>>> print(open('work_2.csv').read())   # CSV, C-alpha atoms and all ligand atoms
chain,number,residue,atom,x,y,z
C,1,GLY,CA,-16.1,23.1,-5.5
C,2,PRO,CA,-14.9,19.5,-5.9
C,3,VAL,CA,-17.5,16.9,-7.1
C,4,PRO,CA,-17.9,14.3,-4.2
C,5,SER,CA,-16.9,10.7,-4.6
C,6,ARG,CA,-17.7,7.3,-2.9
C,7,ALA,CA,-16.1,3.9,-3.1
C,8,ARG,CA,-18.0,1.5,-5.4
C,9,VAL,CA,-17.6,-1.4,-2.9
C,10,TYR,CA,-17.7,-1.7,0.9
C,11,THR,CA,-19.2,1.8,1.0
C,12,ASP,CA,-21.2,1.3,4.2
C,13,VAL,CA,-19.2,-1.3,6.2
C,14,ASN,CA,-18.3,1.3,8.9
C,15,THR,CA,-21.7,3.1,9.0
C,16,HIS,CA,-23.3,-0.2,10.4
C,17,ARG,CA,-20.5,-1.3,12.7
C,18,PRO,CA,-20.8,-0.4,16.5
C,19,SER,CA,-18.9,2.9,17.3
C,20,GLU,CA,-16.3,0.8,19.2
C,21,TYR,CA,-15.0,-0.7,15.8
C,22,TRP,CA,-14.0,2.5,14.0
C,23,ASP,CA,-13.9,4.9,17.0
C,24,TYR,CA,-10.2,4.2,17.8
C,25,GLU,CA,-9.8,7.1,20.3
C,26,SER,CA,-12.2,5.3,22.7
C,27,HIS,CA,-10.3,2.1,22.6
C,28,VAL,CA,-8.4,1.2,25.8
C,29,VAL,CA,-5.1,-0.6,25.4
C,30,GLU,CA,-3.7,-3.0,28.0
C,31,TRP,CA,0.1,-2.9,28.2
C,32,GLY,CA,2.1,-6.2,28.3
C,33,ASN,CA,5.6,-6.9,29.8
C,34,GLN,CA,8.3,-4.9,28.0
C,35,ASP,CA,10.8,-7.3,29.8
C,36,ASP,CA,9.4,-10.4,27.9
C,37,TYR,CA,11.4,-9.0,24.9
C,38,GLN,CA,15.2,-8.7,24.4
C,39,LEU,CA,16.2,-6.4,21.6
C,40,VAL,CA,18.9,-8.0,19.3
C,41,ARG,CA,19.6,-5.5,16.5
C,42,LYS,CA,18.1,-2.3,14.9
C,43,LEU,CA,16.7,-3.2,11.5
C,44,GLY,CA,16.0,0.5,10.5
C,45,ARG,CA,14.7,3.9,11.4
C,46,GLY,CA,11.7,5.4,9.6
C,47,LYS,CA,10.1,8.9,9.7
C,48,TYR,CA,7.6,7.7,12.3
C,49,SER,CA,9.3,4.6,13.9
C,50,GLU,CA,12.4,2.5,14.8
C,51,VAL,CA,12.2,-1.3,14.0
C,52,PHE,CA,14.2,-3.9,15.9
C,53,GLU,CA,14.8,-7.6,15.6
C,54,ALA,CA,14.1,-9.1,19.1
C,55,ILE,CA,13.7,-12.4,21.0
C,56,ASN,CA,10.5,-13.1,23.0
C,57,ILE,CA,12.5,-14.6,26.0
C,58,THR,CA,9.4,-16.5,27.3
C,59,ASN,CA,8.9,-18.7,24.1
C,60,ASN,CA,12.4,-18.0,22.5
C,61,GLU,CA,10.7,-17.0,19.3
C,62,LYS,CA,12.0,-14.2,17.1
C,63,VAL,CA,9.7,-11.1,16.9
C,64,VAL,CA,9.8,-7.6,15.3
C,65,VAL,CA,9.5,-4.7,17.8
C,66,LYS,CA,8.4,-1.4,16.3
C,67,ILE,CA,9.0,1.6,18.7
C,68,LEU,CA,6.8,4.5,17.6
C,69,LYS,CA,8.4,8.1,17.6
C,70,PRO,CA,6.8,11.0,19.5
C,71,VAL,CA,5.0,12.2,16.3
C,72,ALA,CA,3.7,8.7,15.6
C,73,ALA,CA,3.0,8.1,19.3
C,74,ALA,CA,-0.1,10.3,19.1
C,75,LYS,CA,-1.6,8.0,16.4
C,76,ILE,CA,-1.1,4.6,18.2
C,77,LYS,CA,-4.8,4.0,19.1
C,78,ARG,CA,-5.8,4.0,15.3
C,79,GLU,CA,-3.0,1.6,14.3
C,80,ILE,CA,-3.6,-0.7,17.3
C,81,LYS,CA,-7.4,-0.8,16.5
C,82,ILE,CA,-6.8,-1.6,12.8
C,83,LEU,CA,-4.3,-4.3,13.7
C,84,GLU,CA,-6.7,-5.9,16.2
C,85,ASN,CA,-9.6,-5.6,13.7
C,86,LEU,CA,-7.6,-7.3,10.9
C,87,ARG,CA,-5.7,-9.9,13.1
C,88,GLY,CA,-6.0,-13.4,11.6
C,89,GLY,CA,-6.9,-12.0,8.2
C,90,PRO,CA,-5.3,-13.4,5.0
C,91,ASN,CA,-1.6,-12.3,4.7
C,92,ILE,CA,-2.2,-9.5,7.4
C,93,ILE,CA,0.8,-9.0,9.8
C,94,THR,CA,-0.1,-10.4,13.3
C,95,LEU,CA,0.1,-8.1,16.3
C,96,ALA,CA,1.5,-10.3,19.1
C,97,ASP,CA,1.8,-7.6,21.9
C,98,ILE,CA,1.8,-3.9,22.9
C,99,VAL,CA,4.4,-2.8,25.5
C,100,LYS,CA,5.7,0.6,26.7
C,101,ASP,CA,9.3,1.0,25.7
C,102,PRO,CA,11.2,1.9,28.9
C,103,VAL,CA,13.7,4.3,27.1
C,104,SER,CA,11.5,6.2,24.5
C,105,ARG,CA,8.5,6.0,27.0
C,106,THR,CA,6.4,5.6,23.8
C,107,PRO,CA,4.4,2.5,22.6
C,108,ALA,CA,6.2,-0.5,21.1
C,109,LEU,CA,4.3,-2.9,18.8
C,110,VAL,CA,5.5,-6.6,18.8
C,111,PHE,CA,4.9,-8.5,15.6
C,112,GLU,CA,5.4,-12.1,14.3
C,113,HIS,CA,8.8,-12.6,12.6
C,114,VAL,CA,8.9,-13.1,8.8
C,115,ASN,CA,12.2,-14.3,7.1
C,116,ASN,CA,12.0,-11.5,4.4
C,117,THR,CA,14.3,-10.9,1.4
C,118,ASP,CA,15.3,-7.3,0.5
C,119,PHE,CA,12.7,-6.3,-2.2
C,120,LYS,CA,15.6,-4.6,-4.1
C,121,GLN,CA,17.3,-8.0,-4.5
C,122,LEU,CA,14.1,-10.1,-4.7
C,123,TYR,CA,12.4,-8.1,-7.6
C,124,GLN,CA,15.5,-8.7,-9.7
C,125,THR,CA,15.0,-12.5,-9.4
C,126,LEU,CA,11.1,-13.2,-9.5
C,127,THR,CA,9.8,-15.4,-12.4
C,128,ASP,CA,6.6,-14.6,-14.3
C,129,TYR,CA,4.8,-17.2,-12.2
C,130,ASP,CA,6.1,-15.8,-8.9
C,131,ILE,CA,5.0,-12.3,-9.8
C,132,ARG,CA,1.4,-13.6,-10.5
C,133,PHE,CA,1.6,-15.7,-7.3
C,134,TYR,CA,2.7,-12.9,-5.0
C,135,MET,CA,0.3,-10.4,-6.6
C,136,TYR,CA,-2.6,-12.7,-5.8
C,137,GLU,CA,-1.4,-13.1,-2.2
C,138,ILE,CA,-1.2,-9.2,-1.9
C,139,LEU,CA,-4.8,-9.0,-3.3
C,140,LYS,CA,-6.0,-11.4,-0.6
C,141,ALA,CA,-4.8,-9.0,2.0
C,142,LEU,CA,-6.2,-5.8,0.2
C,143,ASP,CA,-9.6,-7.3,-0.3
C,144,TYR,CA,-9.6,-8.4,3.3
C,145,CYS,CA,-8.8,-5.0,4.8
C,146,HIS,CA,-11.0,-3.1,2.3
C,147,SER,CA,-13.9,-5.6,3.1
C,148,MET,CA,-13.3,-4.6,6.8
C,149,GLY,CA,-13.6,-0.9,6.0
C,150,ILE,CA,-9.9,-0.1,6.0
C,151,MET,CA,-7.6,1.6,3.5
C,152,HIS,CA,-3.9,0.7,3.9
C,153,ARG,CA,-2.6,4.0,2.2
C,154,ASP,CA,1.1,2.9,2.2
C,155,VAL,CA,1.2,-0.1,-0.2
C,156,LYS,CA,4.8,-0.4,-1.5
C,157,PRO,CA,7.5,-3.1,-1.8
C,158,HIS,CA,9.0,-2.4,1.7
C,159,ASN,CA,5.5,-2.9,3.2
C,160,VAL,CA,5.1,-6.4,1.6
C,161,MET,CA,7.3,-8.8,3.6
C,162,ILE,CA,8.0,-11.9,1.5
C,163,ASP,CA,9.5,-15.2,2.8
C,164,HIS,CA,10.6,-16.5,-0.6
C,165,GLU,CA,11.6,-19.9,0.9
C,166,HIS,CA,8.1,-20.8,2.3
C,167,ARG,CA,6.2,-18.8,-0.4
C,168,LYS,CA,4.5,-16.7,2.2
C,169,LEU,CA,3.8,-12.9,2.3
C,170,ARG,CA,2.5,-10.4,4.9
C,171,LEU,CA,1.2,-6.8,4.3
C,172,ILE,CA,2.9,-4.8,7.1
C,173,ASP,CA,3.0,-1.2,8.5
C,174,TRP,CA,-0.6,-0.1,9.1
C,175,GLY,CA,0.7,3.2,10.6
C,176,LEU,CA,-1.0,5.2,7.8
C,177,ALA,CA,-4.1,3.0,7.5
C,178,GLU,CA,-7.5,4.6,8.0
C,179,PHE,CA,-11.2,3.7,8.4
C,180,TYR,CA,-13.2,4.5,5.2
C,181,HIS,CA,-16.2,6.7,5.9
C,182,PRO,CA,-18.3,7.7,2.8
C,183,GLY,CA,-18.0,11.5,2.1
C,184,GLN,CA,-15.0,11.9,4.4
C,185,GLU,CA,-12.2,14.2,3.2
C,186,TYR,CA,-8.8,12.6,4.0
C,187,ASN,CA,-5.2,13.8,4.3
C,188,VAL,CA,-3.4,13.5,0.9
C,189,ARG,CA,0.0,13.3,2.6
C,190,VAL,CA,-0.1,9.5,2.7
C,191,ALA,CA,1.9,6.7,0.9
C,192,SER,CA,5.4,6.8,-0.5
C,193,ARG,CA,6.0,9.3,-3.4
C,194,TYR,CA,6.5,6.7,-6.1
C,195,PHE,CA,3.2,4.9,-5.1
C,196,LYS,CA,1.1,8.0,-4.5
C,197,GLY,CA,-2.1,7.9,-6.5
C,198,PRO,CA,-3.2,10.8,-8.9
C,199,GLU,CA,-5.9,11.8,-6.4
C,200,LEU,CA,-3.2,12.5,-3.8
C,201,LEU,CA,-1.0,14.3,-6.4
C,202,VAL,CA,-3.9,16.5,-7.5
C,203,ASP,CA,-5.1,17.1,-3.9
C,204,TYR,CA,-8.4,15.3,-4.1
C,205,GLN,CA,-9.3,14.4,-0.5
C,206,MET,CA,-12.4,12.3,-0.9
C,207,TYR,CA,-10.5,9.2,-1.9
C,208,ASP,CA,-11.1,5.5,-0.9
C,209,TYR,CA,-9.7,1.9,-1.0
C,210,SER,CA,-9.0,2.4,-4.8
C,211,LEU,CA,-5.8,4.4,-3.7
C,212,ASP,CA,-4.2,1.0,-2.7
C,213,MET,CA,-5.1,-0.4,-6.1
C,214,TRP,CA,-3.1,2.4,-7.9
C,215,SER,CA,-0.1,1.7,-5.5
C,216,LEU,CA,-0.5,-2.0,-6.3
C,217,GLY,CA,-0.4,-1.2,-10.1
C,218,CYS,CA,2.8,0.8,-9.6
C,219,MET,CA,4.4,-2.3,-7.9
C,220,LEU,CA,3.2,-4.6,-10.8
C,221,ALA,CA,4.6,-2.2,-13.4
C,222,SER,CA,8.0,-2.2,-11.5
C,223,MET,CA,8.1,-6.1,-11.5
C,224,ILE,CA,7.0,-6.9,-15.1
C,225,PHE,CA,9.2,-4.1,-16.6
C,226,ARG,CA,12.1,-4.5,-14.2
C,227,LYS,CA,12.2,-0.7,-13.5
C,228,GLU,CA,12.0,0.1,-9.7
C,229,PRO,CA,10.4,2.4,-9.1
C,230,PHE,CA,8.3,2.6,-12.4
C,231,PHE,CA,7.3,6.3,-11.8
C,232,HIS,CA,10.4,8.0,-10.6
C,233,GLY,CA,9.4,11.5,-9.5
C,234,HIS,CA,11.9,14.0,-8.2
C,235,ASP,CA,9.2,15.4,-5.9
C,236,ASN,CA,5.4,15.3,-5.6
C,237,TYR,CA,4.9,17.6,-8.7
C,238,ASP,CA,7.4,15.8,-10.9
C,239,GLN,CA,5.7,12.6,-9.7
C,240,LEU,CA,2.5,13.5,-11.6
C,241,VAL,CA,4.4,14.5,-14.6
C,242,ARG,CA,6.2,11.1,-14.7
C,243,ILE,CA,2.8,9.5,-14.6
C,244,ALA,CA,1.4,11.8,-17.4
C,245,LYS,CA,4.4,11.0,-19.6
C,246,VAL,CA,3.1,7.4,-19.6
C,247,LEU,CA,-0.7,7.7,-19.2
C,248,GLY,CA,-1.0,10.9,-21.2
C,249,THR,CA,-2.2,14.4,-20.3
C,250,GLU,CA,-5.7,14.2,-22.0
C,251,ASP,CA,-6.9,11.5,-19.6
C,252,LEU,CA,-5.5,13.4,-16.7
C,253,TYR,CA,-7.4,16.6,-17.7
C,254,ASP,CA,-10.5,14.4,-18.2
C,255,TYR,CA,-10.1,13.1,-14.6
C,256,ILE,CA,-9.6,16.6,-13.1
C,257,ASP,CA,-12.6,17.9,-15.2
C,258,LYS,CA,-14.9,14.9,-14.1
C,259,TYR,CA,-14.4,15.8,-10.4
C,260,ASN,CA,-14.2,19.6,-10.9
C,261,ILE,CA,-10.6,19.6,-9.4
C,262,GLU,CA,-8.5,22.7,-9.7
C,263,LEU,CA,-4.9,21.7,-10.6
C,264,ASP,CA,-2.1,23.6,-8.8
C,265,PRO,CA,-1.0,26.4,-11.3
C,266,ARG,CA,2.6,25.2,-10.9
C,267,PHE,CA,1.7,22.3,-13.2
C,268,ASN,CA,1.2,24.7,-16.1
C,269,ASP,CA,4.9,25.1,-16.9
C,270,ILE,CA,5.9,21.5,-16.1
C,271,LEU,CA,3.2,19.1,-17.3
C,272,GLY,CA,3.1,19.8,-21.0
C,273,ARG,CA,1.2,17.8,-23.5
C,274,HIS,CA,1.8,14.0,-23.7
C,275,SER,CA,0.0,11.3,-25.6
C,276,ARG,CA,-0.6,8.0,-23.8
C,277,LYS,CA,2.3,5.5,-24.4
C,278,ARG,CA,1.7,1.9,-25.5
C,279,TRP,CA,3.3,-0.6,-23.1
C,280,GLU,CA,5.6,-2.1,-25.8
C,281,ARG,CA,7.9,1.0,-25.2
C,282,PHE,CA,8.8,-0.4,-21.8
C,283,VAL,CA,9.3,-4.0,-23.1
C,284,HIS,CA,12.9,-5.0,-23.9
C,285,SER,CA,14.6,-8.4,-24.4
C,286,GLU,CA,15.6,-8.6,-20.7
C,287,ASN,CA,12.0,-8.3,-19.4
C,288,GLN,CA,9.8,-9.8,-22.3
C,289,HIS,CA,9.5,-13.1,-20.4
C,290,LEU,CA,7.6,-11.2,-17.6
C,291,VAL,CA,5.2,-9.4,-20.0
C,292,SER,CA,2.1,-11.1,-21.4
C,293,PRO,CA,-1.2,-9.6,-22.9
C,294,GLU,CA,-2.9,-10.6,-19.7
C,295,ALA,CA,-0.3,-8.7,-17.6
C,296,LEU,CA,-0.8,-5.6,-19.7
C,297,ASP,CA,-4.6,-5.8,-19.6
C,298,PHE,CA,-4.5,-6.2,-15.8
C,299,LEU,CA,-2.0,-3.3,-15.5
C,300,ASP,CA,-4.2,-1.0,-17.7
C,301,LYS,CA,-7.1,-1.8,-15.4
C,302,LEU,CA,-5.2,-0.7,-12.2
C,303,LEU,CA,-3.2,2.3,-13.6
C,304,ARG,CA,-6.2,4.6,-14.3
C,305,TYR,CA,-6.3,8.2,-13.3
C,306,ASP,CA,-10.0,7.9,-12.4
C,307,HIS,CA,-9.9,6.1,-9.0
C,308,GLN,CA,-13.6,5.0,-9.6
C,309,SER,CA,-12.6,3.2,-12.8
C,310,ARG,CA,-9.8,1.0,-11.3
C,311,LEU,CA,-10.4,-2.7,-10.6
C,312,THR,CA,-11.3,-3.4,-7.0
C,313,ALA,CA,-9.2,-6.0,-5.2
C,314,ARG,CA,-11.9,-8.7,-5.6
C,315,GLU,CA,-12.4,-8.0,-9.4
C,316,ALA,CA,-8.5,-8.1,-9.7
C,317,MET,CA,-8.5,-11.6,-8.2
C,318,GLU,CA,-10.9,-12.7,-11.1
C,319,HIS,CA,-8.5,-11.4,-13.8
C,320,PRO,CA,-7.1,-13.9,-16.5
C,321,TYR,CA,-3.5,-12.9,-15.4
C,322,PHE,CA,-4.2,-15.2,-12.4
C,323,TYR,CA,-5.6,-18.2,-14.3
C,324,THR,CA,-2.2,-19.9,-14.2
C,325,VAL,CA,-1.8,-19.5,-10.4
C,326,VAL,CA,-2.6,-22.7,-8.4
C,327,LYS,CA,-5.6,-21.9,-6.3
K,1,LIG,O1,5.0,-1.8,10.9
K,1,LIG,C1,4.9,-3.0,10.9
K,1,LIG,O2,3.8,-3.6,11.1
K,1,LIG,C2,6.1,-3.9,10.7
K,1,LIG,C3,6.0,-5.3,10.7
K,1,LIG,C4,7.0,-6.1,10.5
K,1,LIG,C5,8.3,-5.5,10.2
K,1,LIG,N1,9.3,-6.4,9.8
K,1,LIG,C6,10.6,-6.1,9.4
K,1,LIG,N2,11.0,-4.9,9.3
K,1,LIG,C7,12.3,-4.9,8.7
K,1,LIG,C8,13.0,-3.7,8.4
K,1,LIG,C9,14.1,-3.7,7.6
K,1,LIG,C10,14.7,-2.5,7.1
K,1,LIG,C11,14.2,-1.3,7.5
K,1,LIG,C12,14.7,-0.1,7.0
K,1,LIG,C13,14.2,1.1,7.4
K,1,LIG,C14,13.1,1.2,8.2
K,1,LIG,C15,12.5,0.0,8.7
K,1,LIG,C16,13.0,-1.2,8.3
K,1,LIG,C17,12.5,-2.5,8.7
K,1,LIG,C18,12.8,-6.2,8.5
K,1,LIG,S1,11.7,-7.4,8.9
K,1,LIG,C19,8.4,-4.2,10.2
K,1,LIG,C20,7.4,-3.3,10.4
K,1,LIG,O3,7.5,-2.0,10.4
>>> encode(input="work_2.csv", output="structure tokens", more="lines below")
Ligand SMILES: O=C(O)c1ccc(Nc2nc(-c3ccc4ccccc4c3)cs2)cc1O
Amino acid sequence: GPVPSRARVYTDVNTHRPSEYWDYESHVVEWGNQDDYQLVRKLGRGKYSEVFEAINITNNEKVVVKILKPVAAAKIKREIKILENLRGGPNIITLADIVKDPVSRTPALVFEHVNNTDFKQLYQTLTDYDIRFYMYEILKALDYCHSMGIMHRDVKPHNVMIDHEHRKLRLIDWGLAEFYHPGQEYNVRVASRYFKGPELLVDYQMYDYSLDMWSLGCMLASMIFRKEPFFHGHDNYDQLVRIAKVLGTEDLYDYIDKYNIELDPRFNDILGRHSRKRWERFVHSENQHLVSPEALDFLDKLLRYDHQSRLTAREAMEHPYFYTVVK
């Protein structure tokens, strides 16, 4: 059947770790005082959670309270373990407390408050320099979680909280994050549709950290070309077609052939034949100031069908696109 695959970096981080690290089900969670937090306003409701702005009435600080839904309640030990494992890491959201909501009767995660700007409004204003700056900041967080044996699996603009006034960024929502174990087959029903990697779209389960790099490339393409989202699929099948109309069908077929993947036959009447498009097609007078040869070289090194061929987060940080960024 499918040819197996392994990450080319941090392959055996979890195979050496004591069971207690990646064995999240064993992990015992100590509940704090739900009463220490006063809910202020509902910020939004997701498929798996409800997010509230709240005040920690003991220190008067603003915090974010995420109340998990019944379906996401079952996978609380995994998210809590990952959050505790990455706490203090570069640009990782800090878990301040874990309390039992008295109404839902499900777990509520308390997080540090970030003065974010709506990504829809903020991507319309970023300069070339800020795009490079914030991308480098996101890479710090990805190399950190990947170095700790963790795949985020939901990298997208909504999960990157940016305080544009203090030039600070946090990678949030570790609800879909998972421990990387070499040879493990994972669920492909992860990430948001526009940021799903080709491995998920073609149902290749033996994926790794490189999935986050594809998601990151999708975000980069959206920022430099001022098209959000860059790959606008109508559904998960159309999503692959949108990608193929840009990257071409020959390289997609080469990728499926390399891993001996059987494409869903539904793709036969919708995929067609498409040559790879040169990036100049996406360049117009309104976005040319965000596009450079370094930006395109970097984007071409993230947006590859072959997950094994994508830059790793650490290699990405070495790219010339970041030479202008003050380090
Ligand atoms: O999961 C996490 O670690 C996590 C950490 C911090 C955090 N902060 C914040 N969230 C929001 C927010 C705004 C609009 C929304 C619309 C639909 C659904 C949700 C929404 C959440 C604003 S500031 C949120 C998180 O979910």
>>> atom_distance(input="work_2.csv", atom1="atom CA of residue C:154", atom2="atom CA of residue C:179")
13.8 Å
>>> residues_around(input="work_2.csv", residues="residue C:233", least_positions_apart="5", cutoff="10 Å", atoms="all atoms listed in the file", output="VMD selection string")
chain C and resid 193 to 194 238 to 243
>>> residues_near_ligand(input="work_2.csv", ligand="ligand LIG 1 (chain K)", cutoff="10 Å", atoms="all atoms listed in the file", output="PyMOL selection string")
chain C and resi 42-53+63-68+79+83+92-95+109-118+158-162+170-176
>>> write_last_selection(input="work_2.csv", atoms="C-alpha atoms", output="tab-separated table (two decimals), in the frame of the given file")
chain	number	residue	atom	x	y	z
C	42	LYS	CA	18.10	-2.30	14.90
C	43	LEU	CA	16.70	-3.20	11.50
C	44	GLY	CA	16.00	0.50	10.50
C	45	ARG	CA	14.70	3.90	11.40
C	46	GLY	CA	11.70	5.40	9.60
C	47	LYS	CA	10.10	8.90	9.70
C	48	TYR	CA	7.60	7.70	12.30
C	49	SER	CA	9.30	4.60	13.90
C	50	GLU	CA	12.40	2.50	14.80
C	51	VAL	CA	12.20	-1.30	14.00
C	52	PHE	CA	14.20	-3.90	15.90
C	53	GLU	CA	14.80	-7.60	15.60
C	63	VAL	CA	9.70	-11.10	16.90
C	64	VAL	CA	9.80	-7.60	15.30
C	65	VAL	CA	9.50	-4.70	17.80
C	66	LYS	CA	8.40	-1.40	16.30
C	67	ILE	CA	9.00	1.60	18.70
C	68	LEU	CA	6.80	4.50	17.60
C	79	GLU	CA	-3.00	1.60	14.30
C	83	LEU	CA	-4.30	-4.30	13.70
C	92	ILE	CA	-2.20	-9.50	7.40
C	93	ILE	CA	0.80	-9.00	9.80
C	94	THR	CA	-0.10	-10.40	13.30
C	95	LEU	CA	0.10	-8.10	16.30
C	109	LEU	CA	4.30	-2.90	18.80
C	110	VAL	CA	5.50	-6.60	18.80
C	111	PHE	CA	4.90	-8.50	15.60
C	112	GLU	CA	5.40	-12.10	14.30
C	113	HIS	CA	8.80	-12.60	12.60
C	114	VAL	CA	8.90	-13.10	8.80
C	115	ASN	CA	12.20	-14.30	7.10
C	116	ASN	CA	12.00	-11.50	4.40
C	117	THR	CA	14.30	-10.90	1.40
C	118	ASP	CA	15.30	-7.30	0.50
C	158	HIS	CA	9.00	-2.40	1.70
C	159	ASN	CA	5.50	-2.90	3.20
C	160	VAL	CA	5.10	-6.40	1.60
C	161	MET	CA	7.30	-8.80	3.60
C	162	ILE	CA	8.00	-11.90	1.50
C	170	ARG	CA	2.50	-10.40	4.90
C	171	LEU	CA	1.20	-6.80	4.30
C	172	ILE	CA	2.90	-4.80	7.10
C	173	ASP	CA	3.00	-1.20	8.50
C	174	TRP	CA	-0.60	-0.10	9.10
C	175	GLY	CA	0.70	3.20	10.60
C	176	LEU	CA	-1.00	5.20	7.80
>>> atom_distance(input="work_2.csv", atom1="atom CA of residue C:152", atom2="atom CA of residue C:33")
28.6 Å
>>> closest_residue(input="work_2.csv", among="C:260, C:312, C:11, C:85", to="residue C:177", atoms="only C-alpha atoms")
C:85
>>> closest_residue(input="work_2.csv", among="C:291, C:316, C:150, C:96", to="residue C:31", atoms="all atoms listed in the file")
C:96
>>> atom_distance(input="work_2.csv", atom1="atom CA of residue C:187", atom2="atom CA of residue C:254")
23.1 Å
>>> closest_residue(input="work_2.csv", among="C:81, C:301, C:196, C:16", to="residue C:315", atoms="all atoms listed in the file")
C:301
>>> closest_residue(input="work_2.csv", among="C:89, C:248, C:183, C:197", to="residue C:2", atoms="all atoms listed in the file")
C:183
>>> closest_residue(input="work_2.csv", among="C:186, C:129, C:321, C:204", to="residue C:289", atoms="only C-alpha atoms")
C:129
>>> closest_residue(input="work_2.csv", among="C:97, C:306, C:35, C:280", to="residue C:256", atoms="all atoms listed in the file")
C:306
>>> residues_around(input="work_2.csv", residues="residue C:140", least_positions_apart="4", cutoff="7 Å", atoms="all atoms listed in the file", output="list in words")
residues 90, 91, 136 and 144 of chain C
>>> decode(input="work_2.csv", residues="stretch 212-224 of chain C", atoms="N, CA, C and O atoms", output="mmCIF file, in the first residue's frame")
data_model
loop_
_atom_site.group_PDB
_atom_site.id
_atom_site.type_symbol
_atom_site.label_atom_id
_atom_site.label_comp_id
_atom_site.auth_asym_id
_atom_site.auth_seq_id
_atom_site.Cartn_x
_atom_site.Cartn_y
_atom_site.Cartn_z
ATOM 1 N N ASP C 212 2.768 21.792 8.969
ATOM 2 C CA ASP C 212 2.724 23.193 9.463
ATOM 3 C C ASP C 212 3.453 24.122 8.482
ATOM 4 O O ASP C 212 3.086 25.299 8.407
ATOM 5 N N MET C 213 4.539 23.646 7.872
ATOM 6 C CA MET C 213 5.300 24.475 6.905
ATOM 7 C C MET C 213 4.442 24.787 5.667
ATOM 8 O O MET C 213 4.609 25.869 5.094
ATOM 9 N N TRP C 214 3.631 23.831 5.212
ATOM 10 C CA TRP C 214 2.741 24.112 4.055
ATOM 11 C C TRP C 214 1.732 25.194 4.453
ATOM 12 O O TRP C 214 1.554 26.152 3.689
ATOM 13 N N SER C 215 1.149 25.050 5.644
ATOM 14 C CA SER C 215 0.150 26.016 6.169
ATOM 15 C C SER C 215 0.805 27.396 6.224
ATOM 16 O O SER C 215 0.188 28.381 5.803
ATOM 17 N N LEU C 216 2.033 27.434 6.726
ATOM 18 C CA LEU C 216 2.782 28.673 6.807
ATOM 19 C C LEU C 216 2.983 29.248 5.381
ATOM 20 O O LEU C 216 2.822 30.469 5.205
ATOM 21 N N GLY C 217 3.307 28.397 4.387
ATOM 22 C CA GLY C 217 3.483 28.914 3.024
ATOM 23 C C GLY C 217 2.184 29.535 2.508
ATOM 24 O O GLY C 217 2.202 30.550 1.805
ATOM 25 N N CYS C 218 1.045 28.899 2.815
ATOM 26 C CA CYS C 218 -0.260 29.436 2.414
ATOM 27 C C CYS C 218 -0.450 30.843 2.991
ATOM 28 O O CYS C 218 -1.024 31.710 2.312
ATOM 29 N N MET C 219 -0.061 31.028 4.260
ATOM 30 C CA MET C 219 -0.190 32.361 4.894
ATOM 31 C C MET C 219 0.724 33.383 4.197
ATOM 32 O O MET C 219 0.275 34.504 3.897
ATOM 33 N N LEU C 220 1.998 33.012 3.933
ATOM 34 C CA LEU C 220 2.940 33.865 3.233
ATOM 35 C C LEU C 220 2.361 34.298 1.872
ATOM 36 O O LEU C 220 2.361 35.492 1.555
ATOM 37 N N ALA C 221 1.865 33.331 1.099
ATOM 38 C CA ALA C 221 1.296 33.614 -0.239
ATOM 39 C C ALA C 221 0.146 34.619 -0.104
ATOM 40 O O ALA C 221 0.073 35.561 -0.897
ATOM 41 N N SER C 222 -0.656 34.474 0.953
ATOM 42 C CA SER C 222 -1.812 35.381 1.172
ATOM 43 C C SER C 222 -1.323 36.808 1.449
ATOM 44 O O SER C 222 -1.805 37.736 0.780
ATOM 45 N N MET C 223 -0.275 36.935 2.267
ATOM 46 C CA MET C 223 0.293 38.255 2.655
ATOM 47 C C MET C 223 0.997 38.965 1.491
ATOM 48 O O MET C 223 0.508 40.040 1.105
ATOM 49 N N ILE C 224 1.964 38.312 0.840
ATOM 50 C CA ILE C 224 2.689 38.971 -0.254
ATOM 51 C C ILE C 224 1.837 39.241 -1.529
ATOM 52 O O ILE C 224 2.139 40.200 -2.253
#
